[PDB]
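Structure below is start.json: JSON, C-alpha atoms and all ligand atoms.
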```
[["chain", "number", "residue", "atom", "x", "y", "z"],
["N", 1, "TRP", "CA", 208.14, 23.67, 67.56],
["N", 2, "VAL", "CA", 210.71, 25.08, 70.05],
["N", 3, "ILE", "CA", 211.60, 25.17, 73.76],
["N", 4, "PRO", "CA", 210.21, 28.65, 74.70],
["H", 1, "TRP", "CA", 209.38, 47.25, 62.89],
["H", 2, "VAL", "CA", 210.92, 45.51, 59.83],
["H", 3, "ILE", "CA", 210.75, 45.36, 56.03],
["H", 4, "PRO", "CA", 208.62, 42.16, 55.57],
["Z", 1, "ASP", "CA", 203.23, 46.48, 48.76],
["Z", 2, "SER", "CA", 205.54, 49.05, 50.48],
["Z", 3, "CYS", "CA", 204.31, 48.11, 54.04],
["Z", 4, "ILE", "CA", 206.41, 47.95, 57.26],
["Z", 5, "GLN", "CA", 205.64, 45.14, 59.70],
["Z", 6, "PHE", "CA", 205.58, 45.00, 63.51],
["Z", 7, "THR", "CA", 207.20, 41.64, 64.36],
["Z", 8, "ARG", "CA", 205.56, 41.20, 67.81],
["Z", 9, "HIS", "CA", 202.01, 42.23, 66.73],
["Z", 10, "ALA", "CA", 200.48, 38.75, 66.25],
["Z", 11, "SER", "CA", 201.92, 37.48, 69.59],
["Z", 12, "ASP", "CA", 200.68, 40.68, 71.37],
["Z", 13, "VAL", "CA", 197.16, 40.20, 69.83],
["Z", 14, "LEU", "CA", 197.02, 36.55, 71.02],
["Z", 15, "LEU", "CA", 198.25, 37.53, 74.53],
["Z", 16, "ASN", "CA", 195.43, 40.11, 74.75],
["Z", 17, "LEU", "CA", 192.83, 37.59, 73.46],
["Z", 18, "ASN", "CA", 193.98, 35.22, 76.26],
["Z", 19, "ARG", "CA", 193.64, 38.08, 78.82],
["Z", 20, "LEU", "CA", 190.03, 38.66, 77.58],
["Z", 21, "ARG", "CA", 189.35, 34.91, 77.95],
["Z", 22, "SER", "CA", 190.82, 34.89, 81.54],
["Z", 23, "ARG", "CA", 188.57, 37.86, 82.47],
["Z", 24, "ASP", "CA", 185.55, 36.24, 80.64],
["Z", 25, "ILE", "CA", 185.27, 39.30, 78.35],
["Z", 26, "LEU", "CA", 183.13, 38.88, 75.20],
["Z", 27, "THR", "CA", 183.30, 35.05, 75.38],
["Z", 28, "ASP", "CA", 180.35, 33.92, 73.24],
["Z", 29, "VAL", "CA", 180.31, 30.12, 73.47],
["Z", 30, "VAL", "CA", 180.49, 27.34, 76.05],
["Z", 31, "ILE", "CA", 182.14, 24.07, 74.95],
["Z", 32, "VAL", "CA", 180.85, 21.10, 76.99],
["Z", 33, "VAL", "CA", 183.22, 18.12, 77.32],
["Z", 34, "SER", "CA", 181.23, 15.65, 79.49],
["Z", 35, "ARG", "CA", 180.89, 17.17, 83.05],
["Z", 36, "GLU", "CA", 183.18, 20.16, 82.22],
["Z", 37, "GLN", "CA", 182.40, 23.56, 80.61],
["Z", 38, "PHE", "CA", 184.91, 25.83, 78.83],
["Z", 39, "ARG", "CA", 184.12, 29.40, 77.80],
["Z", 40, "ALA", "CA", 185.84, 30.77, 74.71],
["Z", 41, "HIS", "CA", 185.61, 33.12, 71.71],
["Z", 42, "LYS", "CA", 184.09, 31.45, 68.61],
["Z", 43, "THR", "CA", 186.56, 33.33, 66.33],
["Z", 44, "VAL", "CA", 189.64, 32.01, 68.14],
["Z", 45, "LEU", "CA", 188.26, 28.44, 68.08],
["Z", 46, "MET", "CA", 187.57, 28.74, 64.30],
["Z", 47, "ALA", "CA", 191.02, 30.22, 63.62],
["Z", 48, "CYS", "CA", 192.71, 27.20, 65.35],
["Z", 49, "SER", "CA", 190.50, 24.16, 64.62],
["Z", 50, "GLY", "CA", 189.13, 22.70, 61.40],
["Z", 51, "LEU", "CA", 186.23, 21.20, 63.41],
["Z", 52, "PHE", "CA", 185.23, 24.60, 64.94],
["Z", 53, "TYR", "CA", 185.71, 26.32, 61.56],
["Z", 54, "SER", "CA", 183.15, 23.85, 60.06],
["Z", 55, "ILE", "CA", 180.75, 24.28, 63.04],
["Z", 56, "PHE", "CA", 180.65, 28.05, 63.15],
["Z", 57, "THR", "CA", 180.44, 28.50, 59.33],
["Z", 58, "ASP", "CA", 177.27, 26.34, 59.37],
["Z", 59, "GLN", "CA", 174.14, 28.57, 59.09],
["Z", 60, "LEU", "CA", 172.31, 26.79, 61.98],
["Z", 61, "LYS", "CA", 175.22, 26.04, 64.34],
["Z", 62, "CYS", "CA", 176.86, 29.52, 64.13],
["Z", 63, "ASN", "CA", 173.98, 30.73, 66.41],
["Z", 64, "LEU", "CA", 174.45, 28.18, 69.22],
["Z", 65, "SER", "CA", 175.86, 29.43, 72.57],
["Z", 66, "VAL", "CA", 176.58, 25.83, 73.74],
["Z", 67, "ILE", "CA", 178.45, 23.08, 71.80],
["Z", 68, "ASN", "CA", 178.60, 19.51, 73.18],
["Z", 69, "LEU", "CA", 181.65, 17.52, 72.09],
["Z", 70, "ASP", "CA", 181.71, 13.71, 71.58],
["Z", 71, "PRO", "CA", 181.64, 11.88, 75.02],
["Z", 72, "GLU", "CA", 184.90, 10.07, 74.15],
["Z", 73, "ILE", "CA", 186.76, 13.43, 74.37],
["Z", 74, "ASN", "CA", 188.87, 13.84, 77.49],
["Z", 75, "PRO", "CA", 188.29, 17.24, 79.26],
["Z", 76, "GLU", "CA", 192.00, 17.54, 80.26],
["Z", 77, "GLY", "CA", 193.07, 16.96, 76.62],
["Z", 78, "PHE", "CA", 190.60, 19.64, 75.54],
["Z", 79, "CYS", "CA", 191.83, 22.06, 78.28],
["Z", 80, "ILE", "CA", 195.48, 21.61, 77.11],
["Z", 81, "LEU", "CA", 194.46, 22.30, 73.48],
["Z", 82, "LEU", "CA", 192.32, 25.33, 74.42],
["Z", 83, "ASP", "CA", 195.36, 26.75, 76.31],
["Z", 84, "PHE", "CA", 197.49, 26.07, 73.19],
["Z", 85, "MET", "CA", 195.01, 27.97, 70.99],
["Z", 86, "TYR", "CA", 195.28, 31.08, 73.15],
["Z", 87, "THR", "CA", 199.02, 30.89, 73.95],
["Z", 88, "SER", "CA", 200.95, 28.83, 71.27],
["Z", 89, "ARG", "CA", 202.26, 26.69, 74.21],
["Z", 90, "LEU", "CA", 201.40, 23.01, 74.40],
["Z", 91, "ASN", "CA", 201.70, 21.25, 77.79],
["Z", 92, "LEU", "CA", 202.61, 17.84, 76.35],
["Z", 93, "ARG", "CA", 203.50, 15.12, 78.93],
["Z", 94, "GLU", "CA", 203.95, 11.31, 78.85],
["Z", 95, "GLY", "CA", 200.71, 11.05, 80.91],
["Z", 96, "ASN", "CA", 198.56, 13.19, 78.59],
["Z", 97, "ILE", "CA", 200.06, 12.73, 75.08],
["Z", 98, "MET", "CA", 197.56, 10.03, 73.96],
["Z", 99, "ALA", "CA", 194.51, 12.11, 75.10],
["Z", 100, "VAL", "CA", 196.02, 15.30, 73.57],
["Z", 101, "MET", "CA", 196.69, 13.57, 70.20],
["Z", 102, "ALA", "CA", 193.18, 12.00, 70.09],
["Z", 103, "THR", "CA", 191.58, 15.40, 70.91],
["Z", 104, "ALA", "CA", 193.75, 17.21, 68.28],
["Z", 105, "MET", "CA", 192.71, 14.64, 65.61],
["Z", 106, "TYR", "CA", 189.02, 15.21, 66.54],
["Z", 107, "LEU", "CA", 189.42, 19.05, 66.54],
["Z", 108, "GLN", "CA", 191.44, 18.92, 63.28],
["Z", 109, "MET", "CA", 194.58, 20.72, 64.60],
["Z", 110, "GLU", "CA", 197.12, 19.26, 62.11],
["Z", 111, "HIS", "CA", 200.29, 20.91, 63.61],
["Z", 112, "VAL", "CA", 199.50, 19.48, 67.09],
["Z", 113, "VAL", "CA", 198.75, 16.02, 65.58],
["Z", 114, "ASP", "CA", 202.19, 16.26, 63.84],
["Z", 115, "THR", "CA", 204.20, 17.01, 67.04],
["Z", 116, "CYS", "CA", 202.34, 14.26, 69.03],
["Z", 117, "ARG", "CA", 203.13, 11.68, 66.29],
["Z", 118, "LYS", "CA", 206.84, 12.71, 66.41],
["Z", 119, "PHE", "CA", 207.08, 12.48, 70.26],
["Z", 120, "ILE", "CA", 205.31, 9.06, 70.21],
["Z", 121, "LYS", "CA", 207.69, 7.79, 67.46],
["Z", 122, "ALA", "CA", 210.73, 8.90, 69.60],
["Z", 123, "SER", "CA", 209.48, 6.80, 72.59],
["Z", 124, "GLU", "CA", 209.11, 3.57, 70.50],
["P", 1, "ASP", "CA", 206.26, 25.08, 82.82],
["P", 2, "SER", "CA", 207.59, 22.22, 80.59],
["P", 3, "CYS", "CA", 205.59, 23.42, 77.48],
["P", 4, "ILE", "CA", 206.74, 23.32, 73.81],
["P", 5, "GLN", "CA", 205.79, 26.26, 71.61],
["P", 6, "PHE", "CA", 204.71, 26.49, 67.95],
["P", 7, "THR", "CA", 206.55, 29.57, 66.62],
["P", 8, "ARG", "CA", 204.11, 30.35, 63.74],
["P", 9, "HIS", "CA", 200.88, 29.86, 65.76],
["P", 10, "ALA", "CA", 200.11, 33.52, 66.57],
["P", 11, "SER", "CA", 200.76, 34.63, 62.94],
["P", 12, "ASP", "CA", 198.60, 31.71, 61.64],
["P", 13, "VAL", "CA", 195.75, 32.69, 64.06],
["P", 14, "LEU", "CA", 195.87, 36.35, 62.87],
["P", 15, "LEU", "CA", 195.92, 35.26, 59.19],
["P", 16, "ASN", "CA", 192.78, 33.16, 59.80],
["P", 17, "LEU", "CA", 191.06, 36.03, 61.69],
["P", 18, "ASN", "CA", 191.76, 38.25, 58.63],
["P", 19, "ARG", "CA", 190.30, 35.53, 56.32],
["P", 20, "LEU", "CA", 187.12, 35.50, 58.51],
["P", 21, "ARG", "CA", 186.95, 39.32, 58.26],
["P", 22, "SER", "CA", 187.37, 39.19, 54.40],
["P", 23, "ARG", "CA", 184.52, 36.62, 54.19],
["P", 24, "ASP", "CA", 182.40, 38.66, 56.73],
["P", 25, "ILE", "CA", 182.29, 35.63, 59.08],
["P", 26, "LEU", "CA", 181.18, 36.31, 62.69],
["P", 27, "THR", "CA", 181.89, 40.07, 62.38],
["P", 28, "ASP", "CA", 179.85, 41.61, 65.22],
["P", 29, "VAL", "CA", 180.34, 45.36, 64.92],
["P", 30, "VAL", "CA", 180.25, 48.14, 62.33],
["P", 31, "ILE", "CA", 182.62, 51.08, 62.87],
["P", 32, "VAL", "CA", 181.31, 54.26, 61.19],
["P", 33, "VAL", "CA", 183.94, 56.84, 60.17],
["P", 34, "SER", "CA", 181.84, 59.64, 58.57],
["P", 35, "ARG", "CA", 180.32, 58.27, 55.27],
["P", 36, "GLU", "CA", 182.24, 54.94, 55.51],
["P", 37, "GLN", "CA", 181.41, 51.67, 57.35],
["P", 38, "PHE", "CA", 183.93, 49.00, 58.43],
["P", 39, "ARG", "CA", 182.89, 45.57, 59.71],
["P", 40, "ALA", "CA", 185.15, 43.88, 62.25],
["P", 41, "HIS", "CA", 185.38, 41.54, 65.24],
["P", 42, "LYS", "CA", 185.04, 43.35, 68.60],
["P", 43, "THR", "CA", 187.71, 41.06, 70.16],
["P", 44, "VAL", "CA", 190.36, 41.92, 67.55],
["P", 45, "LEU", "CA", 189.62, 45.66, 67.91],
["P", 46, "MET", "CA", 189.95, 45.39, 71.74],
["P", 47, "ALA", "CA", 193.18, 43.37, 71.49],
["P", 48, "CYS", "CA", 194.78, 46.13, 69.29],
["P", 49, "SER", "CA", 193.36, 49.46, 70.53],
["P", 50, "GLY", "CA", 193.16, 51.04, 73.97],
["P", 51, "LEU", "CA", 190.10, 53.02, 72.80],
["P", 52, "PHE", "CA", 188.20, 49.86, 71.68],
["P", 53, "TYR", "CA", 189.30, 48.01, 74.83],
["P", 54, "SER", "CA", 187.66, 50.81, 76.91],
["P", 55, "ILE", "CA", 184.51, 50.84, 74.71],
["P", 56, "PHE", "CA", 183.80, 47.13, 74.72],
["P", 57, "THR", "CA", 184.57, 46.64, 78.46],
["P", 58, "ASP", "CA", 181.89, 49.26, 79.24],
["P", 59, "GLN", "CA", 178.64, 47.55, 80.40],
["P", 60, "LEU", "CA", 176.40, 49.66, 78.08],
["P", 61, "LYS", "CA", 178.63, 49.99, 75.00],
["P", 62, "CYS", "CA", 179.70, 46.29, 74.84],
["P", 63, "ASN", "CA", 176.16, 45.60, 73.46],
["P", 64, "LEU", "CA", 176.24, 48.10, 70.57],
["P", 65, "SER", "CA", 176.47, 46.72, 66.98],
["P", 66, "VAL", "CA", 177.40, 50.19, 65.59],
["P", 67, "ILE", "CA", 180.13, 52.58, 66.89],
["P", 68, "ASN", "CA", 180.46, 56.11, 65.44],
["P", 69, "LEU", "CA", 183.97, 57.57, 65.61],
["P", 70, "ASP", "CA", 184.76, 61.31, 66.01],
["P", 71, "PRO", "CA", 184.04, 63.20, 62.67],
["P", 72, "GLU", "CA", 187.66, 64.46, 62.58],
["P", 73, "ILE", "CA", 188.83, 60.85, 61.94],
["P", 74, "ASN", "CA", 189.92, 60.18, 58.37],
["P", 75, "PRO", "CA", 188.36, 56.96, 56.90],
["P", 76, "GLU", "CA", 191.57, 56.11, 54.93],
["P", 77, "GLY", "CA", 193.66, 56.43, 58.13],
["P", 78, "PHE", "CA", 191.19, 54.14, 59.91],
["P", 79, "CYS", "CA", 191.23, 51.63, 56.99],
["P", 80, "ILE", "CA", 195.09, 51.47, 57.11],
["P", 81, "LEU", "CA", 194.99, 50.87, 60.89],
["P", 82, "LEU", "CA", 192.24, 48.23, 60.64],
["P", 83, "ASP", "CA", 194.39, 46.40, 58.02],
["P", 84, "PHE", "CA", 197.36, 46.67, 60.43],
["P", 85, "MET", "CA", 195.31, 45.13, 63.26],
["P", 86, "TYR", "CA", 194.49, 42.06, 61.18],
["P", 87, "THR", "CA", 197.85, 41.68, 59.39],
["P", 88, "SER", "CA", 200.73, 43.36, 61.40],
["P", 89, "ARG", "CA", 201.52, 45.33, 58.16],
["P", 90, "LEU", "CA", 201.22, 49.10, 58.14],
["P", 91, "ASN", "CA", 200.86, 50.87, 54.76],
["P", 92, "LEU", "CA", 202.66, 54.06, 55.81],
["P", 93, "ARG", "CA", 203.23, 56.66, 53.04],
["P", 94, "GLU", "CA", 204.27, 60.35, 52.90],
["P", 95, "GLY", "CA", 200.67, 61.16, 51.80],
["P", 96, "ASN", "CA", 198.93, 59.33, 54.66],
["P", 97, "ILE", "CA", 201.38, 59.48, 57.62],
["P", 98, "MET", "CA", 199.73, 62.51, 59.32],
["P", 99, "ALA", "CA", 196.20, 60.95, 59.10],
["P", 100, "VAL", "CA", 197.55, 57.54, 60.23],
["P", 101, "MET", "CA", 199.38, 59.06, 63.25],
["P", 102, "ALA", "CA", 196.32, 61.17, 64.28],
["P", 103, "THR", "CA", 194.04, 58.08, 64.00],
["P", 104, "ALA", "CA", 196.53, 55.90, 65.98],
["P", 105, "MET", "CA", 196.67, 58.53, 68.77],
["P", 106, "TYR", "CA", 192.83, 58.57, 68.90],
["P", 107, "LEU", "CA", 192.62, 54.72, 68.87],
["P", 108, "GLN", "CA", 195.44, 54.45, 71.45],
["P", 109, "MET", "CA", 197.77, 52.22, 69.37],
["P", 110, "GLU", "CA", 201.10, 53.20, 71.04],
["P", 111, "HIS", "CA", 203.44, 51.11, 68.77],
["P", 112, "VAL", "CA", 201.96, 52.73, 65.61],
["P", 113, "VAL", "CA", 202.20, 56.23, 67.19],
["P", 114, "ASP", "CA", 205.91, 55.41, 67.93],
["P", 115, "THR", "CA", 206.82, 54.43, 64.32],
["P", 116, "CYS", "CA", 204.95, 57.47, 62.86],
["P", 117, "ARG", "CA", 206.85, 59.84, 65.22],
["P", 118, "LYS", "CA", 210.18, 58.24, 64.11],
["P", 119, "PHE", "CA", 209.39, 58.52, 60.34],
["P", 120, "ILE", "CA", 208.26, 62.17, 60.79],
["P", 121, "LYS", "CA", 211.48, 62.99, 62.77],
["P", 122, "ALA", "CA", 213.60, 61.47, 59.90],
["P", 123, "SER", "CA", 211.93, 63.80, 57.33],
["P", 124, "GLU", "CA", 212.65, 67.00, 59.37],
["N", 201, "LIG", "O1", 194.62, 22.03, 61.33],
["N", 201, "LIG", "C1", 193.82, 22.92, 61.04],
["N", 201, "LIG", "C2", 193.69, 24.28, 61.70],
["N", 201, "LIG", "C3", 192.57, 24.92, 60.94],
["N", 201, "LIG", "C4", 191.97, 26.17, 61.06],
["N", 201, "LIG", "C5", 191.03, 26.56, 60.11],
["N", 201, "LIG", "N1", 190.59, 27.90, 60.17],
["N", 201, "LIG", "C6", 190.21, 28.72, 59.18],
["N", 201, "LIG", "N2", 190.61, 28.40, 57.93],
["N", 201, "LIG", "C7", 190.41, 29.31, 57.00],
["N", 201, "LIG", "CL1", 190.88, 28.84, 55.40],
["N", 201, "LIG", "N3", 189.90, 30.52, 57.11],
["N", 201, "LIG", "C8", 189.55, 30.86, 58.36],
["N", 201, "LIG", "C9", 189.70, 30.01, 59.42],
["N", 201, "LIG", "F1", 189.33, 30.40, 60.65],
["N", 201, "LIG", "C10", 190.59, 25.65, 59.13],
["N", 201, "LIG", "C11", 191.15, 24.38, 59.05],
["N", 201, "LIG", "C12", 192.16, 24.04, 59.95],
["N", 201, "LIG", "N4", 192.90, 22.86, 60.04],
["N", 202, "LIG", "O1", 198.50, 50.84, 72.53],
["N", 202, "LIG", "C1", 197.68, 50.08, 73.05],
["N", 202, "LIG", "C2", 197.17, 48.78, 72.48],
["N", 202, "LIG", "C3", 196.21, 48.31, 73.53],
["N", 202, "LIG", "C4", 195.41, 47.17, 73.61],
["N", 202, "LIG", "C5", 194.71, 46.91, 74.79],
["N", 202, "LIG", "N1", 194.07, 45.66, 74.87],
["N", 202, "LIG", "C6", 193.85, 44.88, 75.95],
["N", 202, "LIG", "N2", 194.61, 45.11, 77.03],
["N", 202, "LIG", "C7", 194.54, 44.22, 78.00],
["N", 202, "LIG", "CL1", 195.49, 44.58, 79.41],
["N", 202, "LIG", "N3", 193.83, 43.11, 78.07],
["N", 202, "LIG", "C8", 193.11, 42.85, 76.96],
["N", 202, "LIG", "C9", 193.10, 43.70, 75.88],
["N", 202, "LIG", "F1", 192.35, 43.40, 74.81],
["N", 202, "LIG", "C10", 194.70, 47.85, 75.82],
["N", 202, "LIG", "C11", 195.46, 49.02, 75.73],
["N", 202, "LIG", "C12", 196.22, 49.22, 74.58],
["N", 202, "LIG", "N4", 197.09, 50.27, 74.26],
["N", 203, "CL", "CL", 197.51, 23.03, 65.16],
["N", 204, "CL", "CL", 200.04, 49.49, 68.08]]
```
Could I get this structure in the form of structure tokens?
Amino acid sequence: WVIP
Amino acid sequence: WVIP
Amino acid sequence: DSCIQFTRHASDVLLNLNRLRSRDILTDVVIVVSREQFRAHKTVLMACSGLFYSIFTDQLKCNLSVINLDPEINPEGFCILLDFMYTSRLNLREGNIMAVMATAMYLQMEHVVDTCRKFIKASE
Amino acid sequence: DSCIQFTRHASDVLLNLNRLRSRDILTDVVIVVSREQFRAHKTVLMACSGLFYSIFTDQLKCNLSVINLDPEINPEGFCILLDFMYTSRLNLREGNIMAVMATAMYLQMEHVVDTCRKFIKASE
């Protein structure tokens, strides 16, 4: 999961 | 395009 | 093999599948979550959810145009997960995390269940 | 928004859509390319090809279970492009590049047309  |  | 690969292809396919959903193009099922209705593509639901994979591989249920979910399922939680299926983006907030996690456990979306557990653990 | 994003989601969705195709699950169209038949999902074809997008958004054609392509289309070229749609990998070879490029121009797959033009230019 990432900060888009 | 890339070499997978 | 000796194939070449287009890096952005999968993301571009998903973006177009979400544009078809927005425009109600070739949607073939309605998911009912109490008083709310959500239109979607059976194939996208099956590709994202272990519950929908089991439903639409069943010889009788594969033919249904309407699926009613358990009344304990929160429509907002379902809406957030449906958006995730079509976009890869999860709108996870302090006010919805419990409903989102409960819905993801029901739909069998293991990667979502994993991130919810981690965010809950961080708060404790 | 304040969303989080699962990097591998789109690739995982496409992989599952290819597993449904392999297992002939919920395929809803047959594409006929001379003596050969290819089963696929209309939504994946529309998401990848400008020609299929135009076909399945047409009020009469959206209801067809069989689509016949132009007889000049090479079945091997089509097979390579169908595999690309479901996998992002293009099996481009000196012996098939002309058929693949001609099929991609017909199907309106601009990114494939672009890589074929570049590989052809490199050979000259
Ligand atoms: O957490 C999850 C997400 C998920 C999706 C699927 N989907 C499919 N699985 C296979 Cl093997 N082939 C085709 C499919 F559409 C099954 C189980 C699970 N569990
Ligand atoms: O080279 C290409 C690939 C391609 C795909 C599509 N697909 C769709 N386009 C839109 Cl705007 N919404 C939904 C779709 F399924 C249209 C044109 C083109 N041209
Ligand atoms: Cl997931
Ligand atoms: Cl393309």
Could you list, as an MDAnalysis selection string, all residues that come within 7 Å of ligand LIG 202 (chain N)? Count only C-alpha atoms and all ligand atoms.
(chainID Z and resid 16:17 19:20) or (chainID P and resid 43 46:50 53 108:111)
A straight line from CA of residue 92 (chain P) to CA of residue 105 (chain P) spans 15.0 Å
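For the atom pair formed by CA of residue 69 (chain Z) and CA of residue 10 (chain Z), the distance is 29.0 Å, given to one decimal.
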Taking all atoms listed in the file into account, produce a table as a tab-separated table in which each residue of chain Z with an atom at most 10 Å from an atom of ligand CL 204 (chain N) appears once, together with its shortest atom pair and the distance in Å to one decimal, ordered by chain and rising number.
```
residue	atom	partner	partner_atom	distance
Z:6	CA	N:CL204	CL	8.5
Z:8	CA	N:CL204	CL	10.0
Z:9	CA	N:CL204	CL	7.6
Z:12	CA	N:CL204	CL	9.4
Z:13	CA	N:CL204	CL	9.9
```
Name the residues within 12 Å of (213.6, 24.8, 66.1), counting only C-alpha atoms in the file's coordinates, and put them as a PyMOL selection string.
(chain N and resi 1-4) or (chain P and resi 4-8)
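Straight-line separation from CA of residue 106 (chain P) to CA of residue 73 (chain P): 8.3 Å.
Within 12 Å of chain H, chain P contributes the residues residues 87, 88, 89, 90, 91, 92, 111, 112, 114, 115, 116, 118 and 119 of chain P, using only C-alpha atoms.
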Kindly export the residues of the current selection with C-alpha atoms, as a compact mmCIF listing (two decimals), in the frame of the given file.
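Result file is part00.txt:
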```
# COMPACT_ATOMS: atom_id res chain seq x y z
CA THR P 87 197.85 41.68 59.39
CA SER P 88 200.73 43.36 61.40
CA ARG P 89 201.52 45.33 58.16
CA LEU P 90 201.22 49.10 58.14
CA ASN P 91 200.86 50.87 54.76
CA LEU P 92 202.66 54.06 55.81
CA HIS P 111 203.44 51.11 68.77
CA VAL P 112 201.96 52.73 65.61
CA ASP P 114 205.91 55.41 67.93
CA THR P 115 206.82 54.43 64.32
CA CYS P 116 204.95 57.47 62.86
CA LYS P 118 210.18 58.24 64.11
CA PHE P 119 209.39 58.52 60.34
```
Around all the atoms of region 27-44 of chain P listed in the file, draw an axis-aligned box and extend it by 5 Å on each of the six sides; I want its centre and edge lengths in Å to one decimal, as lines of an AutoDock Vina configuration file.
```
center_x = 185.1
center_y = 49.9
center_z = 62.7
size_x = 20.5
size_y = 29.6
size_z = 24.9
```
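Restricting the calculation to all atoms listed in the file, the smallest distance between ligand LIG 201 (chain N) and any of P:21, P:120, P:2, P:27 is found for P:21.
Distance check against ligand LIG 201 (chain N) using only C-alpha atoms and all ligand atoms: of P:103, P:18, P:11, P:63, the minimum falls on P:18.
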I'd like the neighbourhood of residue 96 (chain Z) as JSON, numbers by chain, where a residue qualifies if any of its atoms comes within 9 Å (using all atoms listed in the file), though same-chain residues fewer than 5 positions away should be ignored.
{"Z": [76, 77, 91, 101]}
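Between ligand CL 203 (chain N) and the residues Z:104, Z:51, Z:122, Z:80, the shortest atom-to-atom distance, using only C-alpha atoms and all ligand atoms, involves Z:104.
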